[PDB]
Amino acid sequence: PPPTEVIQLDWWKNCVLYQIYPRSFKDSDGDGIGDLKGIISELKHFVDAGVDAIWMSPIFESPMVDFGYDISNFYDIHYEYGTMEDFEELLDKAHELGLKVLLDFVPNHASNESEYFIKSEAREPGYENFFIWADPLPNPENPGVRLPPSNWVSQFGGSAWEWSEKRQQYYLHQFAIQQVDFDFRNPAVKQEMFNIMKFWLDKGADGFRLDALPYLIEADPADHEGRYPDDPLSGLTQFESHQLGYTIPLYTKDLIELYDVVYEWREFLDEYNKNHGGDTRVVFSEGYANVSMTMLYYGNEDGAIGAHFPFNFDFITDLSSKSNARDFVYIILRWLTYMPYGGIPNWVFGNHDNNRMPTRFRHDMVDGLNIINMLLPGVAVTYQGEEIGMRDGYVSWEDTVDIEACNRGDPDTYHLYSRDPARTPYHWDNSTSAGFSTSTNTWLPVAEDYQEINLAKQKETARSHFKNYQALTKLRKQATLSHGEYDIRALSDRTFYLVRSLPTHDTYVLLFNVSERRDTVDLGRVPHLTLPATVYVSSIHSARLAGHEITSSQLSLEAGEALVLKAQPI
């Protein structure tokens, strides 16, 4: 039977999306700080890797308190990264190579060094109500003893309320003291968000990652007898009143009103795509929330439409080296069971806020994890370094610069909080500072294992994480991966299968031993697998090379061993 034609999908429905952390990708000018000229110089890397789309962490003007998530000017480039002209060059060259480019949009908060905040604190007309400003809580017990409006706790520790001597009021910060929460009930704030997105779409951005959306809106004091209501206490004894986890964020996170803002953004974007034509511009939302609250980002039962997708963080939050094959299957099934019909699935294995994929799992699991990412239906999301199996870098207390570690931690505890280990410079090669920089003085220390783990080494050697990555992004061109069904089950506590099948097209089968022990399985239990079949990709430690023929229905897999098999059509 001739292989059926499939209707090609819009680019965003099955792209490989790569997150760049610009400060740590490529330093072009020897200051130990990654920059836009650095990115331009290695845009060819994304073509070589089989990446369709890049999203950059924030590159806008910022005092760098939260390394770019504290934005003082939403309309220009951070000087350490380069100039507006460098950004326009990046977009032109990325587009020439057929890549899509997404920017990190940070709508929840602005730098306390923004004109928005300076004018708001000064009560200039039109800015007075731009942020959440609150009087001290009345103190009938001791009148005029200053109390915060409520018990709300910052994501970076301490009160979410900061006193302004100038304004004689508290402002809200869910993040750092320097990150001031906008009032999303103010129509002028909502207009300014459209102004920012229009500016960057007009420059030719292909869309946005939407930062920290669960924290957009907090309880209206009009609904709580003219005060900000206290969040419920957790009652967990390990947390004092200044420590994140002391409260349950009932009045400060996942408010139903936030989704109305997201649906308004999507309406604006749909209108922009209709009026401008060309490639669909998209929004992908960031929010760590339960399944119900996560799926509302897609849209609601009234038929409102939201983000093209909310990020799926399940491989960060719900799986690790403690997981067995049944855990892998049960967590993979969660997105696919709960996602609305017509929704596009996505898979995230890492980001700049979490430990690196091989550290959360094991070094011998890198290939199997990248195979899951690329072989599951929908969109594969890769964090800078996953394509070469980068591990967390050692960062001392002395070298730690993450506000979350510095605010929540001390020399003895900082490792529980710090995001710095996942932000160490990218391993290009075995030259000074792993080819990230010509300087030995990098903004974070280069990981100690860059001699063993670097892109140039993996491009030369016969078998590598990066060559596996390339083989997998290439496989995504096949109709079976773009349009095929999926079947996923555990064969044992150690090994699971994932079958992509499509009548008249080749069958692809992942077999993954996620355990630390050898496992023998009966391939006769795998649906749509006829033997003999051919190894397409194997873990770097597999006895099987690509082109190896599987003939026996009895298969032994070593600890961490993953195979992709190519089998005849069904």
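Each residue number is its position in the shown sequence, starting from 1. Rigid core (definition): largest C-alpha set, two forms, superposition within 1.5 Å.
Novice: Which of the two stretches, 238-246 or 85-93, moves more in 4 other deposited structures of this protein when the core is held fixed, judged by C-alpha RMS distance?
Specialist: It is 238-246 whose C-alphas lie farther from the shown form in 4 other deposited structures of this protein.
Novice: Is 144-152 or 384-392 the stretch whose C-alphas end up farther from this model in 4 other deposited structures of this protein after a rigid core fit?
Specialist: Between the two stretches, 144-152 moves farther in 4 other deposited structures of this protein.
Novice: Comparing 540-548 with 61-69, which has the greater mean CA B-factor as deposited?
Specialist: So the stretch with the higher mean C-alpha B-factor is 540-548.
Novice: Comparing 209-217 with 113-121, which stretch shows the greater average C-alpha B-factor in the deposited entry?
Specialist: Higher mean C-alpha B-factor: 113-121.
Novice: Among 408, 334, 253, 326, where is the Cα temperature factor highest, going by the PDB entry?
Specialist: Out of 408, 334, 253, 326, the record gives the largest C-alpha B-factor to 408.
Novice: Which of these, 308, 242, 489, 423, has its C-alpha atom at the highest B-factor, as the entry lists it?
Specialist: It is 242.
Novice: Can you tell me whether residue 9 has a C-alpha B-factor in the lowest, middle or highest third compared with the other modelled residues of the same chain?
Specialist: According to the entry, residue 9 has a C-alpha B-factor in the chain's highest third.
Novice: Splitting the chain's C-alpha B-factors into thirds, which one does residue 203 fall into?
Specialist: For residue 203, the deposited C-alpha B-factor lands in the highest third.
Novice: Taking the C-alpha B-factors as the PDB entry records them, is residue 167 in the lowest, middle or highest third of its chain?
Specialist: Highest third of the chain for residue 167's C-alpha B-factor.
Novice: Divide the modelled residues of the chain into thirds by Cα B-factor and specify which third, lowest, middle or highest, holds residue 316.
Specialist: Its C-alpha B-factor belongs to the lowest third of this chain's values.
Novice: Could you tell me which third, lowest, middle or highest, the C-alpha B-factor of residue 91 occupies within its chain?
Specialist: Answer is highest: the recorded C-alpha B-factor places it there.
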